[PDB]
Each structure stands twice: as C-alpha cells, then as structure tokens.
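Shown next, in structure tokens, is the structure this report addresses.
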Amino acid sequence: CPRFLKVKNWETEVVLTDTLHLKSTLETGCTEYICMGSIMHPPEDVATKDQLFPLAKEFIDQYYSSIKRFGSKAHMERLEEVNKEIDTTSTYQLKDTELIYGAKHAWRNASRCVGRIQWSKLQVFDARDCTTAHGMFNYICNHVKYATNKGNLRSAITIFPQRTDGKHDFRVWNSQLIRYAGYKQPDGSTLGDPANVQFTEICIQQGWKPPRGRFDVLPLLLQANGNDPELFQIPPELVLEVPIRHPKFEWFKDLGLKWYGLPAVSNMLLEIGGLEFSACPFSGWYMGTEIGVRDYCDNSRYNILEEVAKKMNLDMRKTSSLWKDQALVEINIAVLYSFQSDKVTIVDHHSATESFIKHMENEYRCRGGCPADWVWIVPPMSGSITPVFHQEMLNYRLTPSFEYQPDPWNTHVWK
Amino acid sequence: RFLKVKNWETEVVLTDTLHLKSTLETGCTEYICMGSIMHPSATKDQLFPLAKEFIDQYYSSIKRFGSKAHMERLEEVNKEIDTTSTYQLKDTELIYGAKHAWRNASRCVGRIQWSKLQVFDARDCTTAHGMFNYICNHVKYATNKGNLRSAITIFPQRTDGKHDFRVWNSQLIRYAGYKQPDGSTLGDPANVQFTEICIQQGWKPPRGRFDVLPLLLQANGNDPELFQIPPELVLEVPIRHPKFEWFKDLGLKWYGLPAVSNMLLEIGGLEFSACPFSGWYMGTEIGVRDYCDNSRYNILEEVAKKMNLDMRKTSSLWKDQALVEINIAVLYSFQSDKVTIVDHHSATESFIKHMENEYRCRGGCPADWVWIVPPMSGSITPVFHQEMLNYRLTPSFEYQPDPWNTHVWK
Ligand code: HEM
Ligand code: HEM
Ligand SMILES: Cc1cc(N)nc(CCc2cc(F)cc(C#CCN(C)C)c2)c1
Ligand SMILES: Cc1cc(N)nc(CCc2cc(F)cc(C#CCN(C)C)c2)c1
Ligand SMILES: C[C@H](O)[C@H](O)[C@H]1CNc2nc(N)[nH]c(=O)c2N1
Ligand SMILES: C[C@H](O)[C@H](O)[C@H]1CNc2nc(N)[nH]c(=O)c2N1
Ligand SMILES: [Zn+2]
C-alpha cells in the first residue's frame with residue numbers, strides 16, 4: 001500500500017492527504033476487482049490467548065501514545081500487567097481511563113457517522129459491575145435520563161460487561177432503546193412502525209401486553225450473563241416525545257404524528273483492544289432527515305408521503321410533478337420546526353454536513369485522515385446541495401470500533 | 001465465489017456471478033475502499049490477449065464460439081498485430097463493443113436502453129473538418145426534432161499517442177463561462193477555462209449567459225480547430241414553471257442534447273480517444289447540479305427570493321424547497337416542448353428493472369451506487385435501497401487526460 005492517498009473536494013478543489021489508512025485493521029469487503037461500498041453488512045468463538053496478546057498491545061500502545069507517555073515506565077508496566085492477565089486468565093480488564101478512551105475512539109473511528117465532530121464529548125457510563133437484567137434496566141434508565149436532560153440532549157454510552165466464553169453475553173435485544181411497536185393485521189396491513197413487527201411479536205410472546213396503537217414505546221428486552229432476556233417498561237416520563245406540527249399548514253398537526261427525541265443504538269458491539277462489549281447502548285441527538293425522510297417516508301416505514309401530498313392537494317398522477325419530493329421537504333420542515341419549538345436538540349442536514357466537513361478537515365490535519373462512508377454520510381434528501389456530496393472520502397476500519405453482531409434471538413440458547 | 005445483493009425495501013436478493021469476468025482494477029483494496037473517489041489511479045505483446053478476450057466474447061455472444069469464423073478471426077488478428085502492431089475491428093465488432101461499453105458503464109442509470117444505440121463509424125476521418133461534419137450529423141440525428149435518439153460517433157483509434165483524435169470540448173453542447181473584472185462569473189463557471197482557450201484560439205465571444213461554445217476539434221494529433229455548430233441543430237428549452245408565472249422572468253434555458261465527448265472507448269485493447277456519445281437528460285442533471293451547484297449557475301438564492309422563503313436559517317429548508325421547484329420547472333419545460341427527458345423517479349425505476357434483467361440473463365450488473373442515486377430525494381427512489389456491486393468489465397468507457405495538458409502545440 002502507498003504511503004499517501006489524496007482526496008479531493010470537487011466543489012472547493014481542496015485536496016487532503018491521508019496517511020492514517022496505514023493503520024487500518026480488518027477488511028472492508030472490497031477487493032482490487034470488486035467494490036462492496038454499498039453493501040450494508042459486507043458462537044462460543046472468542047479470542048484465543050495468541051489472538052488477544054497483539055490486539056491488546058496495539059491498543060495499549062495507542063492509548064499511551066495519546067497521553068504522550070509512549071515508552072514510559074507506566075506504559076511498559078501496563079503492557080506487562082496485561083500480558084500476565086491474558087496468560088493466567090486468557091482475558092484482561094481495561095482501566096477506567098482506557099475504557100473511556102476506547103469508547104470515544106470507537107465513535108471517532110465510526111465511518112458511517114456524520115456527527116463525529118462531537119466525538120470527544122461523550123459521557124461514558126461504566127456498567128461492568130452489572131450482573132442481572134434488573135441492574136441493566138437501572139443503568140439504561142439512568143442513561144436515558146442523563147442523555148435526555150429535559151431536551152438539552154447529551155451524548156452518552158453505557159458499557160456492560162465484556163464477553164467471556166460467548167455463552168454469557170450481555171445483550172440489549174432492542175435494536176434501539178426507544179422504538180415504536182409494529183403490529184401485523186390479519187388483512188395484511190400494519191399498525192405502527194412496520195420495521196419493528198418481528199421484535200414486537202417477540203416482546204408479545206415474552207409477555208408484553210400490547211396497547212396496539214400507532215406510537216407504542218416498546219419495552220426493553222434485556223439479557224444479562226447469557227440468561228434468558230427479561231422485559232421492562234421504560235418509565236414514560238423518561239421518554240421525551242415531540243408532536244409534529246408545521247409552521248404553515250395548520251392541518252399537519254391533525255395527522256397525529258409524533259416522535260421520540262433520543263436516538264440510542266443498542267444492538268452494536270464495541271471492540272476495544274480485542275475485548276468485545278456486546279451490550280454498549282450509545283445515544284446522541286437526531287439529524288432531522290433520520291425522522292423526516294427515513295422514518296416517515298420510507299415505503300416500508302410510516303409511509304406518509306401519500307397522505308401529506310393529498311392534504312397539500314398535489315397532482316399525484318404523474319411522477320414528474322415531483323409531488324413526492326415536494327411533500328418530503330414539507331415533512332422535514334415540520335420535524336425540524338417541532339423539535340426546535342419544544343427545545344429538543346436536533347440538527348438539520350445542512351448544518352450537520354457542514355460541521356462534518358470541518359471535522360474531517362481537522363482530522364486530516366491533526367490525525368492524518370478520517371475514515372468516512374460516503375454512502376451513509378450523504379443525507380437521504382437534497383444530497384448534492386450539501387457539502388459532503390462533493391467530498392471524496394476514503395473508507396477503512398480503525399480500532400477501537402463499533403461492529404454489527406447477530407441478532408440475539410437467532411443465537412440465544414433458551415434456558 | 002457467488003456474491004449476493006439485497007434490496008432493503010423489497011428484500012429481493014440477487015446473485016452475482018458476472019463479477020468473476022472482471023480484470024481491471026476498481027481502486028479499492030481489502031483495507032481501503034475508494035468507492036467515492038471520482039478518478040482512482042500497447043505493444044503486440046499486451047494487445048493480442050486483450051484482442052483475444054474481446055473476440056472470444058463477441059463470438060460467444062453470437063453463439064459461434066470456437067467456430068471456423070471465430071478461429072479465422074483470431075488468426076487474422078494475430079497476423080495483423082504482428083505486421084502493423086495493431087488491428088482494425090470489423091463493423092459488427094465495432095457496434096457490439098460500443099453497445100457493451102455502454103452496458104458496462106457502472107455509473108449510468110440509463111442502461112436499460114443499452115442495446116438501442118445508433119453507432120456511427122467515423123474511422124475513415126482524417127481532418128478536423130471531417131470531424132466537424134461527422135459531429136454535425138450526429139447532433140442532427142440524435143436530436144431528431146426533440147424525439148431524442150441515443151448515438152455514438154467513433155473516430156480513429158490511437159496509434160502511437162502522438163496522432164490522437166480528440167474532441168477538446170468535454171461535452172458537444174455547453175455554455176460559455178466568463179471571468180468578470182468585478183470578481184464573479186457570467187455564464188457557466190465550470191467552463192471558464194475552456195471558454196478562455198476558445199477565446200485564446202480566436203473565438204469571438206458574445207459574452208451572454210447562454211452562449212453555445214464552439215467545437216474545438218483535433219485530428220491526427222494536429223493543433224485543434226474551431227467550428228460553430230449551426231444553431232438550427234442546437235435544440236434549446238426555455239425553462240418555465242407550471243404555477244410560478246415569474247419563473248420565466250428568470251431568463252433560464254438549457255440545451256436538450258447531453259453529449260459526452262471527453263471519454264475514451266476501449267474495445268479489445270484498442271483505444272478510441274474521440275467517441276462522443278449522447279442520450280437524453282435526466283431532469284436532475286440540469287435542475288440540481290447545473291443550476292444549483294454552488295460552483296455552477298448557483299440560482300437557489302434567486303428562486304428562494306421570488307418564493308419569499310425565510311432564508312435566515314438553514315433549518316427552514318429553503319434551499320430544499322427552491323430545489324424541488326426548479327426541478328419541476330425543468331421537467332415541465334422539456335415535456336411541454338416535447339423534448340425527451342426523464343425524471344429521477346422514472347429513471348431509477350427503470351434501472352431497477354434493468355438490474356433484474358441483467359442478473360437473470362447475464363449473471364450481474366456492475367453499478368456504482370455513488371453515481372446511480374440521484375442528487376436529490378435519494379431515499380424515496382428505489383436505487384437508494386438497492387445494494388450494488390461495482391466492478392470493471394470491458395469494453396468500457398474510461399477517463400483520459402484533458403487534451404490541453406498533453407498536447408505539444410505546433
Ligand atoms: C451527537 C450527535 C450525533 C449525530 C447528529 C449522529 C448522526 C448520525 C447519523 C445521521 C447516522 C446515520 C444513522 C442512520 O442512517 O441510521 C449515524 C450513524 C452512526 N453513528 Fe452517529 N450521531 C451522533 C452521535 C453518535 C454517538 C454518540 C455515537 C457512538 C458513541 C455514534 C455512532 C454512530 C455509529 C456507529 C453509526 C453507524 C450506525 C449503523 O451502522 O447502523 N453517533 N450517526
Ligand atoms: C439514453 C438516456 C441516458 C440517460 C437518461 C443517462 C443517464 C445518465 C446520468 C444521469 C449519468 C450521470 C451523469 C453525470 O452526473 O455527469 C450518466 C452517466 C454516464 N452515462 Fe448514461 N445516460 C443515458 C445514455 C447514455 C449513453 C447513450 C451512453 C454511451 C453510449 C452512456 C454512458 C454513460 C457513461 C460512461 C456515464 C459515466 C460518465 C462519467 O463517468 O462521467 N449513457 N448517465
Ligand atoms: C447515536 C445516534 C445518533 C443519531 N443521530 N442517529 C443514530 C441512529 C439512530 C437510529 C434510530 C432508529 F430508530 C433506527 C436506526 C436504525 C437502523 C438500521 N437501518 C438500516 C434501518 C437508527 C444514532
Ligand atoms: C449520455 C449521457 C446522458 C445523460 N443523461 N447525461 C450525460 C452526462 C451529460 C453531461 C453534460 C454536461 F454538460 C456535463 C457533464 C459533466 C460532467 C463532469 N462532472 C463530474 C462535473 C455531463 C450523458
Ligand atoms: C443499499 C444501501 O447501502 C442502503 O440503502 C443504505 C444507503 N445509505 C444509507 N445511509 C444512511 N445514513 N442510513 C441508511 O440506512 C442507509 N442505507
Ligand atoms: C465525491 C463524489 O464522488 C462526487 O461528488 C460524485 C458523487 N456522485 C455523483 N453522481 C453523479 N451522477 N454525478 C456526479 O458528478 C457525482 N459526483
Ligand atoms: Zn470499495
């Protein structure tokens with residue numbers, strides 16, 4: 001691999017030089033012959049002693065380099081203490097400092113995240129002392145209340161105990177901490193969020209009494225130490241919601257739409273120094289298009305374009321009237337207006353992509369690069385009028401990292 | 001191995017076997033993906049295997065692989081590479097190769113049309129005047145009084161690199177751009193440099209906002225020469241809006257013929273450095289990129305003014321509102337003037353149908369998601385949710401250096 005790679009911005013002519021890609025670890029999925037850049041996802045199997053030694057050393061070296069203590073006595077002593085741990089116990093425990101550093105860098109390294117200008121302002125909650133699902137519930141409730149902060153949202157992550165043999169995993173079965181239920185009807189229609197029908201049916205099987213509405217917050221389904229998961233209802237006062245109204249169309253409120261304020265991903269795996277944190281829910285704040293374009297206007301989601309177009313009285317007979325595009329904008333205007341009126345942190349796609357360009361440029365200057373997944377970074381509407389559209393990006397995998405993992409109902413051995 | 005692609009909206013999975021036939025590089029490695037890089041970075045010995053592969057797939061496509069005609073052509077080509085260091089394609093091979101370079105263009109959402117391509121053989125051309133004549137016939141044929149027809153005109157192949165045929169215009173029809181004294185730019189700012197080369201070569205600019213640039217044509221490595229396309233051959237559409245009567249007052253127009261003339265067509269190891277090809281527009285190419293890119297006509301401000309939109313904060317989405325209206329006007333204008341155009345909903349629809357066709361009859365379809373997804377309203381078009389595999393099949397269209405950086409003037 002060459003030592004310098006150049007990326008160009010085609011709107012501004014700015015050229016940046018990437019050297020950080022020389023630290024890339026795992027595979028992208030691509031080869032010299034095929035690019036998998038648009039592929040979304042390109043047991044008791046755990047790291048062995050021989051696999052763990054170099055992964056820990058690499059991480060510890062990186063941590064001590066970051067604190068300007070590389071080669072120091074504390075660096076060599078930490079390396080020796082970790083090596084002894086992996087020898088006698090075939091794993092090791094991170095220090096609180098290293099845990100915080102690793103989590104912030106997994107975010108910093110997350111190539112699909114447009115919000116990384118905030119990466120160093122992450123509140124890390126250490127929940128490695130948790131033993132039961134009730135305790136996981138307590139930790140998640142605290143996370144939610146802290147991150148929500150009455151609408152002045154703060155980014156946060158709660159980290160449950162790492163994987164040991166793979167048969168004792170901590171898992172949040174929810175894909176996100178706050179989601180709305182989906183219900184398949186006998187006639188084939190769906191009520192609520194069609195994306196969540198499978199998980200909703202799991203919750204119902206596990207004992208959840210479904211209120212069968214359009215916006216029913218799903219219960220938490222929480223697995224501690226490999227045991228069967230347990231259901232808990234998030235106290236509704238901790239779930240901040242925003243009714244969606246429009247600054248011009250008085251009728252928009254009559255659509256009865258709302259959404260929750262806190263985007264909190266809970267199905268990903270956090271890898272730090274070869275250790276695997278299978279339950280690491282993290283939350284930030286929404287970019288408006290995640291709600292106004294994807295949640296509301298995906299055909300397989302709430303799919304409200306038709307109804308909004310009708311109330312806008314648009315010609316829905318020709319696609320070339322762009323009635324869909326026209327209604328999409330008004331929906332996203334309403335979502336941003338509703339969050340701002342209620343003083344709930346949200347960012348529009350223009351501000352967020354401009355901030356990301358400034359972040360990426362800083363990372364190139366200070367760090368030697370910034371891995372970025374153009375397919376995910378560019379917003380799902382108005383792409384070319386945002387600056388990221390015109391920005392060439394390089395995508396590669398740095399560790400610490402957030403990774404996908406199998407859905408736990410596909411792997412869990414029921415007690 | 002066999003590679004699978006899923007559509008996340010329909011859950012349709014397709015199976016790709018065609019990728020096993022690629023050989024050119026994508027630009028990526030197992031450790032770095034360059035999928036958003038626009039431009040990632042022959043003797044008798046290099047040439048025959050490339051010729052062999054192309055002839056092999058041609059005779060396979062007409063179902064006479066290993067036939068006597070196939071064997072004789074392989075022999076005829078070898079004897080020709082021996083004695084001339086190159087070879088000439090048969091007419092049937094030229095047409096098949098041009099259609100398949102289009103079929104293989106991973107960045108083109110229009111490929112459902114690939115087999116309906118009119119191929120104009122211009123390999124007997126020797127002068128820039130001859131090139132001008134051929135390009136005029138192309139434009140008239142492809143324009144067809146608004147009922148646009150896909151076409152390509154193929155000039156002589158590269159011989160030594162010193163006698164290249166080149167269309168210096170990046171596209172056959174474009175508007176000039178002029179650097180003003182007061183700093184800003186009149187016309188199309190992407191073309192300021194090319195416009196200045198035309199002026200420097202003697203072109204008398206009208207210094208309007210929509211001045212069709214002259215053709216600048218290079219034959220056989222000679223200095224390029226200027227030619228004015230006769231105006232009755234250049235079809236244009238004044239842009240108006242179905243509801244905003246003030247929209248025509250903006251004074252906007254565009255040309256109907258999109259015609260790429262700066263690319264290189266590779267067929268069986270031969271290089272055609274001048275191969276202008278044309279189709280018809282997708283409306284977003286004009287309404288989003290040409291008019292609303294900050295480095296182009298940059299009219300969002302003005303349109304948002306006349307729409308009276310609140311422009312004091314981005315979260316009003318004033319830019320997004322103005323953008324949709326501009327693209328309504330463009331589609332409405334071309335449709336009213338019966339000039340062929342396709343909106344991004346219909347175009348991406350067709351491309352999904354195309355992909356399914358290609359996976360079934362051919363085992364795959366190389367596609368570049370970064371270029372295929374339209375520059376506006378991405379996720380409400382079906383390609384957004386379609387996984388695509390990108391890989392390089394030959395015959396192909398390739399980028400090449402700009403002629404003004406390589407040409408030694410005479
Ligand atoms: C603080 C404000 C934040 C904003 C505005 C933001 C924005 C976004 C957006 C718009 C996406 C695309 C999501 C989608 O389309 O489903 C995304 C993805 C992602 N973000 Fe951020 N994010 C924020 C905070 C965070 C934090 C705190 C973390 C981790 C500690 C994080 C890690 C990620 C990851 C790993 C992805 C990829 C998700 C996936 O592959 O499904 N983000 N972000
Ligand atoms: C018939 C209607 C056609 C439509 C609607 C169409 C649509 C498009 C669009 C929207 C692009 C993106 C252009 C850009 O953003 O600059 C594109 C690219 C491309 N098209 Fe098609 N196209 C058509 C015909 C053709 C034909 C006839 C050929 C060749 C014979 C062709 C070959 C290509 C190539 C090579 C590219 C990539 C250009 C580049 O990399 O800059 N297309 N097409
Ligand atoms: C930390 C963070 C910030 C932000 N601003 N956004 C996200 C993603 C939030 C989210 C919410 C949700 F309800 C569903 C999904 C998803 C998904 C998977 N997708 C392929 C359908 C993601 C995370
Ligand atoms: C065959 C065809 C059909 C179509 N529908 N469209 C095209 C592209 C047309 C075009 C016109 C133009 F005037 C400029 C460009 C460009 C460019 C380079 N870009 C990276 C800035 C492309 C080609
Ligand atoms: C097939 C394609 O990769 C898929 O639709 C991706 C496209 N880009 C995306 N970008 C973001 N931010 N979120 C997504 O869910 C997707 N989906
Ligand atoms: C950096 C990025 O590759 C570049 O802006 C691309 C993105 N996608 C595109 N897609 C099309 N059709 N045309 C373009 O010019 C571009 N530009
Ligand atoms: Zn790639």
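Whatever order the structure lists them in is the order used to number ligands and atoms, beginning at 1. Each chain gets a letter, A, B and so on, in the order the sequences are listed, and its residues count up from 1.
In this structure, A:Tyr404 has a heavy atom closer than 4.0 Å to ligand 1. Residue contacts with ligand 5 include A:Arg294, since one of its heavy atoms falls under 4.0 Å from the ligand. Within the structure, ligand 1 has A:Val114 among the residues with a heavy atom less than 4.0 angstrom away. Using a 4.0 Å heavy-atom cutoff, A:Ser283 is listed among the residues neighbouring ligand 1.
Shortest contact from atom 22 (N) of ligand 1 to any protein heavy atom: A:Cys113 SG, 3.4 Å. Ranking protein heavy atoms by distance to atom 15 (O) of ligand 1, first place goes to A:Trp376 CZ3, 3.7 Å. From the protein, the heavy atom lying nearest to atom 13 (C) of ligand 1 is A:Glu290 OE1, 3.6 Å. Of the protein's non-hydrogen atoms, A:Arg112 CB, 4.0 Å is the one closest to atom 37 (C) of ligand 1. In terms of protein heavy-atom proximity, atom 4 (C) of ligand 5 is nearest to B:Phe384 O, 3.6 Å.
In this structure, a donor-acceptor pair under 3.5 Å is present between the side chains of A:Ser111 and A:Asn395. Using a 3.5 Å distance cut-off with no hydrogens or angles, the side chains of B:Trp8 and B:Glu387 do pair a donor with an acceptor. Side-chain contact, B:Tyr359 with B:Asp16: a donor N or O sits under 3.5 Å from an acceptor N or O. Side chains of B:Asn294 and A:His390: a donor-acceptor N/O pair is absent below 3.5 angstrom, by distance only. Between the side chains of B:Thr314 and A:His350, no donor-acceptor pair of N or O atoms lies under 3.5 Å.
For the atom pair B:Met282 CE and B:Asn327 CG, the distance stands at 9.5 Å (nearest 0.5 Å).
Shown in contact with A:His390 at under 4.0 Å from a heavy atom are these atoms of ligand 6, numbered in order with element: 1 (C), 5 (O). Remark: ligand 1 atoms within the under-4.0 Å shell around heavy atoms of A:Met287 are 10 (C). Counting atoms of ligand 6 from 1 in the listed order, those under 4.0 Å from a heavy atom of B:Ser36 are 1 (C), 2 (C), 3 (O). Every atom of ligand 6 with a heavy atom of A:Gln391 under 4.0 Å away is listed here by number and element: 1 (C). Residue-ligand proximity, B:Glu387 to ligand 5, at heavy-atom distances under 4.0 Å covers atoms 1 (C).
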| task | Applying ring pair (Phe, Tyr, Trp, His ring centres under 6.0 Å), run through A:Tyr260 and A:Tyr180 and close with a yes or a no. | result | CA-CA 9 Å; A:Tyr260 44 88; A:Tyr180 292 132; 5.1 Å; yes

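Using cut-offs of 30° and 60° for the angle between ring planes, the A:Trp259 and A:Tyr296 rings count as perpendicular.
With hydrogens and angles ignored, the 3.5 Å screen pairs no side-chain donor or acceptor of A:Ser351 with any backbone N or O of A:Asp348. In this structure a side-chain-to-backbone donor-acceptor pair under 3.5 Å is missing from B:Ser278 to B:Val260. Judged purely by atom type and a 3.5 angstrom limit, A:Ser278 uses its side chain to pair as donor or acceptor with the backbone of A:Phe170.
Counting heavy atoms closer than 4.0 Å to ligand 1, residue A:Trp285 contributes atoms from both its backbone and its side chain. For A:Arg116, no heavy-atom contact with ligand 1 is shorter than 4.0 Å.
Comment: A:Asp295 does not engage A:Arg179 in a salt bridge, judged by the lack of any side-chain N to carboxylate O separation of less than 4.0 angstrom.
For atom 16 (C) of ligand 5, the nearest non-hydrogen atom from the set B:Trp369, A:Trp376, A:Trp374 belongs to A:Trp376. Closest heavy-atom approach to atom 24 (C) of ligand 1 among the candidates A:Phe402, A:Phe282, A:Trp107: A:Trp107.
In terms of polar-atom proximity, defined here as any N/O pair under 3.5 Å, B:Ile37 makes no such contact with ligand 6. At least one N or O atom of B:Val370 sits closer than 3.5 Å to an N or O atom of ligand 6. Here's the thing with A:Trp10: none of its N/O atoms is less than 3.5 angstrom from an N/O atom of ligand 6.
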